[PDB]
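Chemist: Heads up: the protein sequence lines correspond to chains i, d, U, k and Z, in order. In this text, residue positions in the first sequence follow the deposited numbering: the first is 328, and each later residue adds one. In this text, residue positions in the second sequence follow the deposited numbering: the first is 1, and each later residue adds one. In this text, residue positions in the third sequence follow the deposited numbering: the first is 2, and each later residue adds one. In this text, residue positions in the fourth sequence follow the deposited numbering: the first is 27, and each later residue adds one. In this text, residue positions in the fifth sequence follow the deposited numbering: the first is 2, and each later residue adds one. Backbone N, C-alpha and C define an ideal beta-carbon position, used for all residues, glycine too.
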Amino acid sequence: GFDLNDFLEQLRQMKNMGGXXXXXXXXXXXXXXXXXXXXXXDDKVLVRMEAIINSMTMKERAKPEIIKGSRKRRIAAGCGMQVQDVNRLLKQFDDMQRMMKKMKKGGXXXXXXXXXXXXXXXXXXX
Amino acid sequence: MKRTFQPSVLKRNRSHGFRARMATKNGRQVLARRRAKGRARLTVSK
Amino acid sequence: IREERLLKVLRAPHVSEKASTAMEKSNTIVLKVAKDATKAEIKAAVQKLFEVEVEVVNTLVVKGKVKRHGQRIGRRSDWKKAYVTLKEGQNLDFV
Amino acid sequence: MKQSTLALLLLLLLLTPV
Amino acid sequence: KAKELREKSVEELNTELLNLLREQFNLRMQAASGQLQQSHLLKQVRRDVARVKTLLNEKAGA
RNA sequence: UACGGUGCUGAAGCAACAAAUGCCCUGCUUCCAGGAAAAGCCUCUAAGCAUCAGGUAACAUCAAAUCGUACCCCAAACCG
RNA sequence: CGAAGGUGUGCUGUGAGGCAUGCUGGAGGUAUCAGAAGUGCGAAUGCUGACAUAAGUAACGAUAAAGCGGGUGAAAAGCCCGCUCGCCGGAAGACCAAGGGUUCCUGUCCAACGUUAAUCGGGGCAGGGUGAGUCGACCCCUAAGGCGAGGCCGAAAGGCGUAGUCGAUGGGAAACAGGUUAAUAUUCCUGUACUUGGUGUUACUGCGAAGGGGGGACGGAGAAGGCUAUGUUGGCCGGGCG
RNA sequence: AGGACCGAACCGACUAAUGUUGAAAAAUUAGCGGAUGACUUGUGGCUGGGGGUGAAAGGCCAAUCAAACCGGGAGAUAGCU
RNA sequence: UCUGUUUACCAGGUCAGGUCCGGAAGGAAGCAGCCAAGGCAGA
Ligand SMILES: [Mg+2]
Ligand SMILES: [Mg+2]
Ligand SMILES: [Mg+2]
Ligand SMILES: [Mg+2]
Ligand SMILES: [Mg+2]
Ligand SMILES: [Mg+2]
Ligand SMILES: [Mg+2]
Ligand SMILES: [Mg+2]
Ligand SMILES: [Mg+2]
Ligand SMILES: [Mg+2]
Ligand SMILES: [Mg+2]
Ligand SMILES: [Mg+2]
Ligand SMILES: [Mg+2]
Ligand SMILES: [Mg+2]
Ligand SMILES: [Mg+2]
Ligand SMILES: [Mg+2]
Ligand SMILES: [Mg+2]
Ligand SMILES: [Mg+2]
Ligand SMILES: [Mg+2]
Ligand SMILES: [Mg+2]
Ligand SMILES: [Mg+2]
Ligand SMILES: [Mg+2]
Ligand SMILES: [Mg+2]
Ligand SMILES: [Mg+2]
Ligand SMILES: [Mg+2]
Ligand SMILES: [Mg+2]
Ligand SMILES: [Mg+2]
Ligand SMILES: [Mg+2]
Ligand SMILES: [Mg+2]
Ligand SMILES: [Mg+2]
Ligand SMILES: [Mg+2]
Ligand SMILES: [Mg+2]
Ligand SMILES: [Mg+2]
Ligand SMILES: [Mg+2]
Ligand SMILES: [Mg+2]
Ligand SMILES: [Mg+2]
Ligand SMILES: [Mg+2]
Ligand SMILES: [Mg+2]
Ligand SMILES: [Mg+2]
Ligand SMILES: [Mg+2]
Ligand SMILES: [Mg+2]
Ligand SMILES: [Mg+2]
Ligand SMILES: [Mg+2]
Ligand SMILES: [Mg+2]
Ligand SMILES: [Mg+2]
Ligand SMILES: [Mg+2]
Ligand SMILES: [Mg+2]
Ligand SMILES: [Mg+2]
Ligand SMILES: [Mg+2]
Ligand SMILES: [Mg+2]
Ligand SMILES: [Mg+2]
Ligand SMILES: [Mg+2]
Ligand SMILES: [Mg+2]
Ligand SMILES: [Mg+2]
Ligand SMILES: [Mg+2]
Ligand SMILES: [Mg+2]
Ligand SMILES: [Mg+2]
Ligand SMILES: [Mg+2]
Ligand SMILES: [Mg+2]
Ligand SMILES: [Mg+2]
Ligand SMILES: [Mg+2]
Ligand SMILES: [Mg+2]
Ligand SMILES: [Mg+2]
Ligand SMILES: [Mg+2]
Ligand SMILES: [Mg+2]
Ligand SMILES: [Mg+2]
Ligand SMILES: [Mg+2]
Ligand SMILES: [Mg+2]
Ligand SMILES: [Mg+2]
Numbered sequence: 328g329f330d331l332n333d334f335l336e337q338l339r340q341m342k343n344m345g346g347x348x349x350x351x352x353x354x355x356x357x358x359x360x361x362x363x364x365x366x367x368x369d370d371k372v373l374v375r376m377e378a379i380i381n382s383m384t385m386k387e388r389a390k391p392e393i394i395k396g397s398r399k400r401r402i403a404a405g406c407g408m409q410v411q412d413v414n415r416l417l418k419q420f421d422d423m424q425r426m427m428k429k430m431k432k433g434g435x436x437x438x439x440x441x442x443x444x445x446x447x448x449x450x451x452x453x
Numbered sequence: 001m002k003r004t005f006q007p008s009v010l011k012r013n014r015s016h017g018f019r020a021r022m023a024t025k026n027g028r029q030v031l032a033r034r035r036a037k038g039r040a041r042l043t044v045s046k
Numbered sequence: 002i003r004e005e006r007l008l009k010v011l012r013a014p015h016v017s018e019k020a021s022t023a024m025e026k027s028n029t030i031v032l033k034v035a036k037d038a039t040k041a042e043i044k045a046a047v048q049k050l051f052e053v054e055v056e057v058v059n060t061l062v063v064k065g066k067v068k069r070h071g072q073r074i075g076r077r078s079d080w081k082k083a084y085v086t087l088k089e090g091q092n093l094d095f096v
Numbered sequence: 027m028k029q030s031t032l033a034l035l036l037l038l039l040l041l042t043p044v
Numbered sequence: 002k003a004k005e006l007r008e009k010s011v012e013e014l015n016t017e018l019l020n021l022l023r024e025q026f027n028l029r030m031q032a033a034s035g036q037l038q039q040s041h042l043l044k045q046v047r048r049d050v051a052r053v054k055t056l057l058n059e060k061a062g063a
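(1) Using 8 Å as the Cβ pair cut-off and three pairs as the minimum, do the region 19-30 of chain U and the region 83-94 of chain U touch?
(2) In angstroms with no decimal places, state the Cα-to-Cα distance between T31 (chain k) and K432 (chain i).
(3) So, are the CB atoms of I379 (chain i) and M344 (chain i) less than 8 Å apart?
(4) With a threshold of 7 Å on Cβ separation, who are the neighbours of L338 (chain i) within its own chain once the five nearest residues in sequence on each side are excluded?
(5) Can you find a C-beta in chain Z that's less than 8 Å from the C-beta of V31 (chain U)?
(6) What does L93 (chain U) touch in chain Z if you count any residue whose Cβ is under 8 Å from its own?
(7) Who does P14 (chain U) pair with in a DSSP beta bridge?
(8) List the residues that DSSP assigns as beta-bridge partners of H70 (chain U).
(9) Report the CB separation of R29 (chain Z) from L8 (chain U) in whole angstroms; it is logged as a contact under 8 Å.
(10) Using CA coordinates, which residue listed in i:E392, i:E387, i:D412, i:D370 is at the minimum distance from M341 (chain i)?
(11) Taking the CB atoms as reference points, tell me whether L41 (chain k) and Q424 (chain i) lie closer together than 8 Å.
(12) Let me confirm a value: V44 (chain d) is counted as buried when at least 16 other C-beta atoms fall within 10 Å, else exposed. Which label applies?
(13) Which of helix, strand or coil does DSSP assign to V50 (chain Z)?
(14) Could you give the distance in angstroms between the alpha-carbon of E52 (chain U) and the alpha-carbon of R48 (chain Z)?
(15) Exposed or buried, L331 (chain i), counting other C-beta atoms within 10 Å across all chains shown (16 or more means buried)?
(16) Can you find a CB in chain U that lies within less than 8 Å of the CB of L22 (chain Z)?
(17) At the level of alpha carbons, what is the spacing between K386 (chain i) and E25 (chain U)?
(18) Which residues does DSSP pair with residue 1 (chain U) in a beta bridge?
(19) Among d:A20, d:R3, d:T4, d:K2, which one has its Cα closest to the Cα of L10 (chain d)?
(20) Might you give, ordered along the chain, the residues of its own chain that have their beta carbon closer than 8 Å to the beta carbon of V63 (chain U), omitting 5 neighbours on each side?
(21) Taking 8 Å as the CB-CB cut-off, is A13 (chain U) touching chain Z?
(22) Using three-state DSSP, classify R6 (chain U) as helix, strand or coil.
(23) Within its chain, find whatever has a CB closer than 6 Å to the CB of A23 (chain U); leave out the 5 residues flanking it on each side and keep chain order.
(24) What residues of chain k sit near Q419 (chain i), judged by a beta carbon separation below 7 Å?
(25) If you count every other CB in all the chains shown that lies within 10 Å of the CB of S382 (chain i), and 16 or more means buried, which is it?
(26) Can you find at least 3 beta carbon pairs, one from the region 3-17 of chain U and one from the region 29-37 of chain d, that sit closer than 8 Å?
(27) Output needed for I394 (chain i): all residues of its chain with C-beta closer than 7 Å, excluding positions within five of it in sequence on either side, in chain order.
(28) For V413 (chain i), which three-state DSSP category applies?
(29) For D330 (chain i), decide whether its Cβ has a neighbour in chain k, counting only Cβ atoms nearer than 8 Å.
(30) Mind checking whether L6 (chain Z) and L42 (chain Z) have CB atoms under 8 Å apart?
(31) Just reading off the alpha helix (DSSP H) that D94 (chain U) is part of, what are its end residues?
(32) Please compile the residues from chain Z whose C-beta is within a distance smaller than 8 Å of the C-beta of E5 (chain U).
(33) Once the 5 residues before and after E4 (chain U) are set aside, which same chain residues still bring their CB inside 8 Å of it?
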């Protein structure tokens with residue numbers, strides 16, 4: 328299936344090619360609903376991302392749900408960073424694992440057609 | 001078994017429907033009492 | 002028909018997979034239109050405002066749902082959807 | 027291609043708005 | 002506005018009425034697609050229409 | 001082939017017999033308890049109108065609105 | 001520098017009570033003497049609310065029935081997929097009217113709802129879905145019946161009814177076969193039709209009604225003659241030699 | 001031919017058992033009566049309480065009937081508890 | 001004691017990536033991978 332080794336590969340392949348002005352322009356469908364400026368700083372987020380993924384042992388990378396409080400302490404200590412960044416990175420891998428399972432079960436055109444952008448009420452951003 | 005209320009819209013309306021109340025003196029008095037008691041819906045319509 | 006009326010009938014293009022597929026396959030567009038608008042009005046209106054030639058217009062009426070917001074029970078206002086068929090040599094402008 | 031662009035788009039993109 | 006409009010004839014009034022409507026329609030078409038940023042636009046135009054008609058009317062009555 | 005489907009092609013496509021409560025039948029035969037109405041429809045004229053108006057045929061043309069249309073209906077959606 | 005209340009304790013009166021203080025509480029209380037009461041609760045098969053008891057008992061709604069592998073998943077007797085097995089089959093299948101009103105389809109969610117569990121649902125939230133000249137209503141026409149200009153009748157309101165106008169469960173123009181959607185189709189699409197009007201053209205020509213006539217127009221029972229729907233067999237066609 | 005016979009749909013409701021805080025405020029199971037008619041069933045309409053309607057049981061009139069239900073007179077009246 | 005393989009952080013060494021100090025020179029703590037090493041085995 329999908330692992331943080333496969334996310335390691337997706338990430339050292341994506342930190343090579345990627346930019347935030349070539350990625351926020353290839354879509355004008357979610358550059359109208361979300362602010363055109365909310366992309367990221369790609370170099371920093373993918374260098375932190377590759378740092379945090381590299382700090383992992385091979386059994387924590389191949390199986391991402393065995394990572395708990397002590398392991399996040401240690402991933403924060405080896406890459407010299409915050410337990411909160413490690414947290415929200417295990418959370419983005421959680422969502423993209425969710426989405427590659429939803430591309431796996433349903434066809435590429437049914438999981439690209441039923442994808443939804445939302446407003447809590449129809450007024451802009453509110 | 002066969003219970004009392006067997007619904008039919010037509011019957012419902014020709015009986016207690018608004019115009020059927022606008023038929024008679026006592027219809028119009030029921031409507032008065034109803035507005036005076038500040039009823040949400042006077043008759044059954046829709 | 003008068004123009005001050007035509008401008009007031011077409012609310013907004015309705016989007017969907019159904020709509021899309023009709024556009025591609027059947028050369029049809031889908032519109033949220035004034036609830037009271039009639040096939041004649043709609044025909045004339047799209048023919049004028051969008052400068053295209055219409056073949057025929059089929060209309061239906063969406064019944065609003067009934068939703069709960071913070072326990073109160075509301076009802077979305079109903080509306081009229083219209084599938085408008087364009088003659089085959091007609092290309093689609095969006096202004 | 028198809029799964030390369032559907033990966034890459036939804037990845038950089040849905041990394042962004044959530 | 003509304004003085005500037007009081008100073009135009011019945012003819013030019015209806016002309017600007019029409020143009021105002023075209024503008025409003027076009028607007029709500031854009032906003033329909035989500036291709037419109039400025040919402041305040043709507044409420045300007047719509048109000049403006051009123052101005053116009055209310056002038057036409059007082060030219061018709063007196 | 002995303003294993004969901006999509007694409008192209010595609011044989012033979014008959015005879016007998018059986019047979020309804022369905023169709024011929026708003027028929028037919030018979031009985032007494034003797035079996036709705038009004039429009040469209042076909043025709044007659046009156047008032048009228050007469051190379052006008054109007055009627056019939058063929059060809060062309062335009063029109064045919066408005067609402068219902070999902071789903072449940074021997075039921076977990078209806079009356080209990 | 002801690003009121004009312006709440007809650008312990010101490011002291012005191014013959015009693016209804018009083019006084020003091022520990023904790024709680026976090027802004028109000030009130031001597032004295034008067035005045036006025038919605039002034040004192042254990043009962044009323046009293047009223048409202050809360051919580052016990054029986055009791056972790058009876059029950060989990062037809063005795064048509066399940067079993068296994070795999071999937072997902074925090075967790076699978078119930079979900080999904082597969083192989084078996086069992087039940088309905090003049091219904092427990094298919095299509096409508098009545099009535100309901102979004103229960104339909106797709107994502108998504110598992111607190112409450114589901115007499116259990118729930119990853120499931122007619123449950124929650126979001127989105128999507130209902131395409132007509134020929135289906136039905138609308139409309140043309142009347143039945144029973146309703147309403148009823150005038151009119152007759154009546155202490156008053158009102159009662160009856162004419163001319164009329166409404167009223168279907170009945171009469172009145174016409175579309176079928178195939179293809180398609182995650183969810184509509186005689187409506188979309190492909191093909192082939194048909195109907196009644198408006199306008200014109202032509203040819204021809206007595207046209208006209210709220211009036212006359214015909215038609216629409218009609219029971220029960222029975223008989224059995226002609227067919228079809230439809231099915232079986234053969235033939236044909238493709239496959240199978242298990 | 002027939003308020004003829006035998007028997008399903010349909011209509012009923014004779015006997016038994018079950019059930020009786022029911023699966024259900026009148027049912028289920030097993031049998032039983034009529035089943036071309038004084039039959040049954042749909043949609044609509046009419047009959048209003050000192051009244052209706054009754055192949056007549058004081059039956060039925062929205063699970064209410066020897067005088068329906070709803071509001072009013074009304075805090076009826078209660079030598080009774 | 002050779003070879004087969006096991007043990008995230010919290011025994012050791014190398015410590016990539018990344019991160020701290022510095023303008024720069026360079027250091028530094030150290031996660032992963034590897035080797036000790038500790039589990040369990042072929043001899
Ligand atoms: Mg009924
Ligand atoms: Mg069409
Ligand atoms: Mg329609
Ligand atoms: Mg509203
Ligand atoms: Mg094929
Ligand atoms: Mg028969
Ligand atoms: Mg039959
Ligand atoms: Mg339909
Ligand atoms: Mg349907
Ligand atoms: Mg039935
Ligand atoms: Mg059924
Ligand atoms: Mg069924
Ligand atoms: Mg005190
Ligand atoms: Mg006080
Ligand atoms: Mg106190
Ligand atoms: Mg204190
Ligand atoms: Mg105190
Ligand atoms: Mg305190
Ligand atoms: Mg005082
Ligand atoms: Mg006090
Ligand atoms: Mg006193
Ligand atoms: Mg008292
Ligand atoms: Mg006592
Ligand atoms: Mg008691
Ligand atoms: Mg309370
Ligand atoms: Mg107990
Ligand atoms: Mg016991
Ligand atoms: Mg026991
Ligand atoms: Mg019991
Ligand atoms: Mg038990
Ligand atoms: Mg059960
Ligand atoms: Mg299993
Ligand atoms: Mg659970
Ligand atoms: Mg299993
Ligand atoms: Mg089971
Ligand atoms: Mg199965
Ligand atoms: Mg069987
Ligand atoms: Mg309905
Ligand atoms: Mg709902
Ligand atoms: Mg469903
Ligand atoms: Mg439960
Ligand atoms: Mg679902
Ligand atoms: Mg639901
Ligand atoms: Mg018809
Ligand atoms: Mg009459
Ligand atoms: Mg009068
Ligand atoms: Mg009358
Ligand atoms: Mg009529
Ligand atoms: Mg009818
Ligand atoms: Mg008819
Ligand atoms: Mg369907
Ligand atoms: Mg006649
Ligand atoms: Mg007839
Ligand atoms: Mg006869
Ligand atoms: Mg045949
Ligand atoms: Mg062969
Ligand atoms: Mg007998
Ligand atoms: Mg019955
Ligand atoms: Mg029986
Ligand atoms: Mg019997
Ligand atoms: Mg018999
Ligand atoms: Mg009858
Ligand atoms: Mg009496
Ligand atoms: Mg009385
Ligand atoms: Mg009787
Ligand atoms: Mg009763
Ligand atoms: Mg009485
Ligand atoms: Mg009393
Ligand atoms: Mg009195």
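Modeler: Looking at the coordinates:
(1) yes
(2) Locating residue 31 (chain k) in the fourth sequence gives position 5, where the first residue counts as 1. Locating residue 432 (chain i) in the first sequence gives position 105, where the first residue counts as 1. One C-alpha to the other measures close to 18 Å.
(3) Within the first sequence, the letter at position 52 stands for residue 379 (chain i). Within the first sequence, the letter at position 17 stands for residue 344 (chain i). Against a cut-off of 8 Å, the Cβ pair of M344 (chain i) and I379 (chain i) comes out as no contact.
(4) As a working mapping, residue 338 (chain i) is identified with position 11 in the first sequence. So the qualifying residues of the chain are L373, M376, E377, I380.
(5) Locating residue 31 (chain U) in the third sequence gives position 30, counting from the first residue. Chain Z contact via Cβ: absent.
(6) Counted from its first residue, the third sequence places residue 93 (chain U) at position 92. Within 8 Å Cβ-Cβ: nothing; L93 (chain U) doesn't reach chain Z, min ~14 Å.
(7) Position 13 of the third sequence, counting from 1, holds the residue named residue 14 (chain U). According to DSSP, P14 (chain U) bridges with U:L32.
(8) Position 69 of the third sequence, counting from 1, holds the residue named residue 70 (chain U). Per DSSP, U:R73.
(9) Your numbering for residue 29 (chain Z) matches position 28 in the fifth sequence. Your numbering for residue 8 (chain U) matches position 7 in the third sequence. The pair is not a contact, with the Cβ atoms about 10 Å apart (cut-off 8 Å).
(10) Position 14 of the first sequence, counted from the start, is the residue given in the question as residue 341 (chain i). Comparing Cα-Cα distances from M341 (chain i) to each of i:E392, i:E387, i:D412, i:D370, the minimum goes to i:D370.
(11) Sequence index remark: in the fourth sequence, residue 41 (chain k) carries index 15 (1-based). Sequence index remark: in the first sequence, residue 424 (chain i) carries index 97 (1-based). Cβ atoms of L41 (chain k) and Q424 (chain i): not closer than 8 Å.
(12) Looking up residue 44 (chain d) in the second sequence gives position 44. Looking at its Cβ environment, which holds fewer than 16 other Cβ atoms inside 10 Å, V44 (chain d) is exposed.
(13) Position 49 of the fifth sequence holds residue 50 (chain Z). Helix.
(14) Working through the third sequence from its first residue, we reach residue 52 (chain U) at position 51. Working through the fifth sequence from its first residue, we reach residue 48 (chain Z) at position 47. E52 (chain U) and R48 (chain Z): Cα-Cα distance of roughly 28 Å.
(15) Here residue 331 (chain i) is taken as the residue at index 4 of the first sequence, counted from 1. By the 10 Å Cβ count, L331 (chain i) comes out buried.
(16) Looking up residue 22 (chain Z) in the fifth sequence gives position 21. Closer than 8 Å to some Cβ of chain U, the Cβ of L22 (chain Z) qualifies, so yes.
(17) Locating residue 386 (chain i) in the first sequence gives position 59, counting from the first residue. Locating residue 25 (chain U) in the third sequence gives position 24, counting from the first residue. About 50 Å.
(18) Residue numbering for chain U in the displayed model covers 2 to 96; residue 1 (chain U) lies beyond these limits and cannot be assessed.
(19) Residue mapping note: residue 10 (chain d) aligns to position 10 of the second sequence, counting from 1. The shortest C-alpha separation from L10 (chain d) is found at d:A20.
(20) Against the third sequence, residue 63 (chain U) aligns to sequence position 62. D79, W80, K81, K82, listed in sequence order.
(21) Taking the third sequence and counting its residues from 1, the one referred to as residue 13 (chain U) is at position 12. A13 (chain U) counts as touching chain Z.
(22) Along the third sequence, one-based indexing puts residue 6 (chain U) at 5. In this structure, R6 (chain U) counts as helix in the three-state DSSP scheme.
(23) By one-based count along the third sequence, residue 23 (chain U) stands at place 22. Contacts found: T29.
(24) The residue you call residue 419 (chain i) lines up with position 92 of the first sequence. What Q419 (chain i) touches in chain k: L41.
(25) Your numbering for residue 382 (chain i) matches position 55 in the first sequence. Buried is the call here.
(26) no
(27) Residue 394 (chain i) sits at position 67 when you count from the first residue of the first sequence. Counting only Cβ-Cβ distances below 7 Å, and skipping sequence neighbours, we find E387, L417.
(28) Here residue 413 (chain i) corresponds to residue number 86 of the first sequence, with the count starting at 1. Looking at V413 (chain i) - three-state DSSP - the assignment turns out to be helix.
(29) Locating residue 330 (chain i) in the first sequence gives position 3, counting from the first residue. It does not: the Cβ of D330 (chain i) has no partner Cβ on chain k nearer than 8 Å.
(30) Taking the first residue of the fifth sequence as 1, we reach residue 6 (chain Z) at position 5. Taking the first residue of the fifth sequence as 1, we reach residue 42 (chain Z) at position 41. No.
(31) Numbered from 1 along the third sequence, position 93 holds the residue referred to as residue 94 (chain U). Neither: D94 (chain U) is in no alpha helix (DSSP H) and is coded neither H nor E.
(32) Position 4 of the third sequence holds residue 5 (chain U). Those are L18, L19, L22, listed as they occur along chain Z.
(33) Residue numbering aside, residue 4 (chain U) sits at position 3 when the third sequence is read from its first letter. Taken in chain order, the residues that qualify are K49.
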